[PDB]
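In case you want the letters, here they are:
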Amino acid sequence: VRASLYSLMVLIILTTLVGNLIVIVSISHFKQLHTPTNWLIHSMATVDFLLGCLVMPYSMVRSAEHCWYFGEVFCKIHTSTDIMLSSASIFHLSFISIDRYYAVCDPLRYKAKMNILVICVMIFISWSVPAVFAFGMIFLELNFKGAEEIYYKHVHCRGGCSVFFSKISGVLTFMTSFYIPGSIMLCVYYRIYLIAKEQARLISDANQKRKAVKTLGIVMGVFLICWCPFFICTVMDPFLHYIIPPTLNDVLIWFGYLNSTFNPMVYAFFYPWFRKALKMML
Amino acid sequence: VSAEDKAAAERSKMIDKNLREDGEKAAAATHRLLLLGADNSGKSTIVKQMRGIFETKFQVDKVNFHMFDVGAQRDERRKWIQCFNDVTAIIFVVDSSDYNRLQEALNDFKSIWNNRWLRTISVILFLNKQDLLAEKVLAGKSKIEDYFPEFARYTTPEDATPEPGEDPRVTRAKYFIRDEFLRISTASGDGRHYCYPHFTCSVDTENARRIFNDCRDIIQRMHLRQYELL
Amino acid sequence: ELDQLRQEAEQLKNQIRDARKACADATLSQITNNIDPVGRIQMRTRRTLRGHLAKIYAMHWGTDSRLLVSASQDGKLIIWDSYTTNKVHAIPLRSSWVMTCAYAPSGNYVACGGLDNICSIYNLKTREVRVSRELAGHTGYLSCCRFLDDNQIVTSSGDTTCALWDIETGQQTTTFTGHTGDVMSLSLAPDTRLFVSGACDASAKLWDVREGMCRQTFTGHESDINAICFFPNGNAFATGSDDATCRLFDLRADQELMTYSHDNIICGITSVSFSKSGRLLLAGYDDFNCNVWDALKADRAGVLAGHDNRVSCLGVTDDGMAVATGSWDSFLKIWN
Amino acid sequence: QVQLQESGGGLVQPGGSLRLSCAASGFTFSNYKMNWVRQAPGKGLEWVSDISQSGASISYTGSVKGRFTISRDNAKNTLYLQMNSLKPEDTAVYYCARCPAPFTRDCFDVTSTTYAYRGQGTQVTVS
Amino acid sequence: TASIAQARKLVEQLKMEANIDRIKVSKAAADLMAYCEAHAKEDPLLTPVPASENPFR
Ligand SMILES: Cc1c(F)cccc1[C@H]1COC(N)=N1
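(A) Region of interest: the interface of chain D and chain C. In this complex, chain D contributes 14 residues to the contact, which on the side of chain C involves 14 residues. In total, about 1,100 Å² of surface goes out of reach between chain D and chain C, with carbon and sulfur atoms giving 51% of it. At the junction of chain D with chain C, the criterion picks out zero salt bridges. Scanning the region where chain D abuts chain C turns up six residue pairs in polar contact. Taken together, the residues of the side of chain D that touches chain C sort by class into eight nonpolar, five polar and one charged.

Structure representation (structure tokens):
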């Protein structure tokens, strides 16, 4: 029923909100957790908190009621903020992956290559480039610049207002928000997995003379299962004449939100240095 | 709120700032090594180039290494070695030629390994005087079986890589010393540290590169363990 | 020629132990069974003092109960102001391997020392901090040094000998030998006439500063002694050892009084210090926190948990307003 | 006081046996890893045997492996070292020096020239 | 002969320790009790101080 479905969405929203709030206050408060990696994680948690407090509550209304209950300009701002925060979260994931690639494959020249200056550059890129791309495209109206009649027909067929992507804009938003950061994470999680297996094998052989699997599986599986379906279906729609049902779009969108729900878990709670630190204050 | 209070607060601010730049300039891209061993070993001759408590700062590839050599304190070292509880590694040096002190070298190694404060400190084990070991075993006047009865039932490892020129007895002896050290190394390891054997000579020049690669592996494994990848 | 002297030493030791047994009429625990308990003495971290970039090895409260100096392996010798959390000074140490530090009773001086085997004196109050003096001559590392005044300093060393130095003159005026192991800590008496020191031979010996030789030697511990501090009355002191036991020895009784240990505690003590009254025997163990004892009851009466790494130093102000514990987590916490 | 008084030993022809024992007082013997370091005349101190806190882990120096045997009796507070089939090179003074810390396996500094917790010594002469 | 000199020094130190007027342990316990009772209300840690008087608020 609509009530049960809205209960599901509100449970997801409270979960992501509280998780990212715990992460934000934990890195902000505790002095020992002021590492540049912790600052990337804190900025990502801020992205997810802003997403869950500024987009997900209204995506709830657009989901349960199947119709927009707000203003049109408010709808453009909402789509703007959704796209920016989602691309910001994915950029933060990719930058944390680059951080760990340096920490693993260049352990010595690590603190001299990944310091507060470079982190803050990464945070600026993860907050501004999504902002520029998303806000500029959607507001200067490039979402469907070059294909107007089909867009008008689609927005008049059903729905108060939904995110509409043309072929060019769809490919651009894909290869800007999911693919390039996704490919970066894939390549810097595959190399790290190779390094970690090789190191684990060497230790085992010395002794006789796979925690990484679990960890990298959790990370990459959460990211892929929570983003890749939505993005592939979004890309197919311009090329498949907009055939997928709106409920499928709803499920994909809230999987994309579940990624930000599970980010404070995967990237903070998983590692022991955070579980113990939180227990100091809790 | 007073002028003196404002001056004190400003002074605290500049002191904190100065501490900040000093720490970021010192601790960045630097690693501290505690060098141990005995007098007869190549204790001061491990790293031939780039030379109370001694010191030796050398760089391999843009990375700074401070190699401390305590050589002024009394014999009882159970206390002052607690200060080196953060060093990246310990450059243990062994006089492989003289078997008489080699047993107390093992005792020192086992005490370092099992120490509560040196627990998470890897050891870059430098089996030194390999040439002297070679001449001793070729002469055959002193047999390692006398100092260790386990040499009789020992066998050379299959993974061992003979050098272009080496007698099989030389290889068996040197790898027997190496395995005798790794026995203690692998007995009580919490996985927080590992021993890295490296057969070295007084004329070898690649000791700095060996320490660089070994410290790179140590820090890489520590990072993997911290990030739960190991 | 040696067996006869060994037999003589054995019979003197037998005489000493027999005299101690005769004087041991009743233990303080047996005489205090009727004392009301102190109760749970909870303490909260009042002013955390962060800013050290590495492990903190020692500290010494000021005689004004406001300025505490801390020595750390980072190379700094900061002089904090607990009232305002203001680093008055940040002395750069030539040798990062500091192991102890001290604050002059007047306040005009501060000292350090460590594996460099040199006690470096500093003019904390200078007209222009420079290296005031570089007292050298010990063979082993410096474990603990204290100021008798602005001109005399007693520094314990790892060469089993603690010596008395004339700061301006520059050499050891008096050397207090006798320990068979490395001396690990020092404690000056309230009247500044005697000083005891536990060493790496489980023995604490009482020296007269002027007379120059050991007066009383107490052997009650099992392992290396790491900390020591007189009772406020000046007739007793407590010693922390690696055997996880604080032990109250009294100078007049010439023998043990109490034992502050339990089966639960296994980590040894790195720093102990009496309170203003002497009713409390705050000690710092290796198990990442400190325990507050009760000297009269020998019963633990509180804890000081809150430090991330091992606690290395611990000191109480002269007026006993608050205790500051410095641990390996690079943080100083004042526990009032 | 932590005192270690040794007993046994003496004079014996090669191949003989002389069980060495030493009474331990002043500490909880059952909590300290034990040792049997020796000192030969004209040579530095040499560590001979070893035992664990509960007697489980036992190690011997190579020159006397098998011939000697250590054993610990917690109730008796005595450390027992059985030397059978002695050799002329065994002539030395034997110390049943424990190691300073309790509840630990690392006996860091035992064979030092001026170790605090070492015994008086037993001169065993084999000729 | 430095060994016999060290033994003689140890003997002298031991007999210095021997000829010491050791008071009764009961007297020592009573003295410590009296000191603690006299300084009972003077110790901020033993008797907690009000926050107004407390300089570490
Ligand atoms: C509309 C859009 C994009 F163009 C790119 C990433 C994310 C989104 C929204 C919809 O789906 C979710 N979770 N956010």
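Moving on from the coordinates now.
(B) Region of the structure containing the state of the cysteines. Residues and elements named next belong to chain A. The full count for this structure, using the stated rule, is three disulfides over all chains. In this model, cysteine 75 is linked to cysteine 161 through a disulfide, with the two sulfur atoms separated by 2.0 Å. The sign of the 115 degrees torsion about the S-S bond sets the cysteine 75-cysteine 161 disulfide as right-handed. Here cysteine 161 lies in the loop between α6 (149-157) and α7 (167-177) and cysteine 75 lies in helix α4 (residues 72-105), a separation of 86 residues in the sequence. Looking at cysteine 75, the relative accessible area reads 6%, which means it is buried.

(C) Highlighting the sheet that holds strand β26 (residues 331-335) of chain C. Residues and elements named next belong to chain C. If you trace the four strands from one edge of the open sheet to the other, you get β1-β26-β25-β24, paired in antiparallel fashion. Each edge of the sheet is formed by a strand with only one pairing partner; in this case those strands are β1 (45-50) and β24 (311-316). Direction aside, neighbouring strands of the sheet carry axes that sit 20 degrees apart on average. Of the pairings in the sheet, the one linking β24 to strand β25 (residues 323-327) comprises five bridges and is antiparallel in character. Its bridge partner being in β25, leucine 314 is matched across the sheet by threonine 325.

(D) Looking closely at the packing of helix α2 (residues 36-54) of chain A against helix α3 (residues 56-64) of chain A. Residue and element names in this part refer to chain A. Contact geometry for α2 and α3: axes closest at 4 Å, N-to-C directions at 40 degrees. Considering their axes alone, α2 and α3 lie oblique with respect to each other. Across from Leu51, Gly52, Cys53 and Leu54 in α2, the residues of α3 making contact are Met56, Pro57 and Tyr58. Along the lines of polarity and charge, the residues of the contact of α2 with α3 split into six nonpolar, one polar and no charged.

(E) Focus on the pairing of strand β5 (residues 98-103) of chain C. Residues and elements named next belong to chain C. In terms of residue burial, β5 counts as a mostly covered element, since six of its six residues are buried. Pairing of β5 with strand β6 (residues 109-114) involves five bridges; the strand directions are antiparallel. The residue of β6 that forms the bridge with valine 98 is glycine 114. Here β5 folds back onto β6, and the loop between the two strands holds five residues, one of which, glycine 107, carries a positive phi near 105 degrees.

(F) Examining unusual backbone geometry more closely. With phi around 60 degrees, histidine 241 of chain A is a residue other than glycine that occupies positive phi space. One can find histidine 241 of chain A in the loop between α9 (211-239) and α10 (246-269). The backbone of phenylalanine 103 of chain D sits at a positive phi, close to 60 degrees, despite the residue not being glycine.

(G) Structural context of helix α8 (residues 179-208) of chain A. Its 30 residues place the ends of α8 of chain A 42 Å apart at the C-alpha level, agreeing with the 44 Å of an ideal helix rising 1.5 Å per residue. Within α8 of chain A, burial applies to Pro181, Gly182, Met185, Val188, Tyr189, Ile192, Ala196, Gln199, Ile203 and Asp205 of chain A. Tucked inside the fold, the buried residues of α8 of chain A contact α4, α7, α9 and α10 of chain A together with α6 (207-226) of chain B.

(H) Structural detail: the interface of chain C and chain E. Between chain C and chain E, the contact holds 56 residues from the first and 37 residues from the second. Secondary-structure elements contributing two or more residues to the side of chain C that touches chain E are α1 (2-23), α2 (28-31), β1, β16 (214-219), β19 (245-250), β20 (255-260) and β26 of chain C. A total of ten residues in the side of chain C that touches chain E trace back to one element, the largest contributor, which is α1 of chain C. The residue inventory of the side of chain C that touches chain E, partitioned by class, reads 31 nonpolar, eleven polar and 14 charged.

Conventions used here
Residues numbered from 1 in each chain as written, not as in the entry; some residues may be left out. Chains lettered and ligands numbered in written order. Heavy atoms only, no water. Residues with missing side-chain atoms left out of burial classes, pairs and counts. Contact = heavy atoms within 4.5 Å. Buried area = accessible area lost by both parts, 1.4 Å probe. Salt bridge = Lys/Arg side-chain N within 4 Å of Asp/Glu carboxyl O. Polar contact = N/O pair within 3.5 Å; in protein donor to acceptor, adjacent residues only side chain to side chain. Nonpolar A, V, L, I, M, F, W, Y, C, P; charged D, E, K, R; others polar. Disulfide = S-S within 2.5 Å. Helix = DSSP H or I, 4+ residues; strand = E, 2+ residues; numbered from the N terminus. Buried < 20%, exposed > 50% of the residue type's maximum accessible area, 1.4 Å probe, protein only. Pairing = 2+ DSSP bridges. Axes fitted to C-alpha atoms, helices over the stretch in contact; angles between N-to-C directions. Parallel < 35°, antiparallel > 145°, perpendicular 65-115°, else oblique. Expected span 1.5 Å × (residues − 1).

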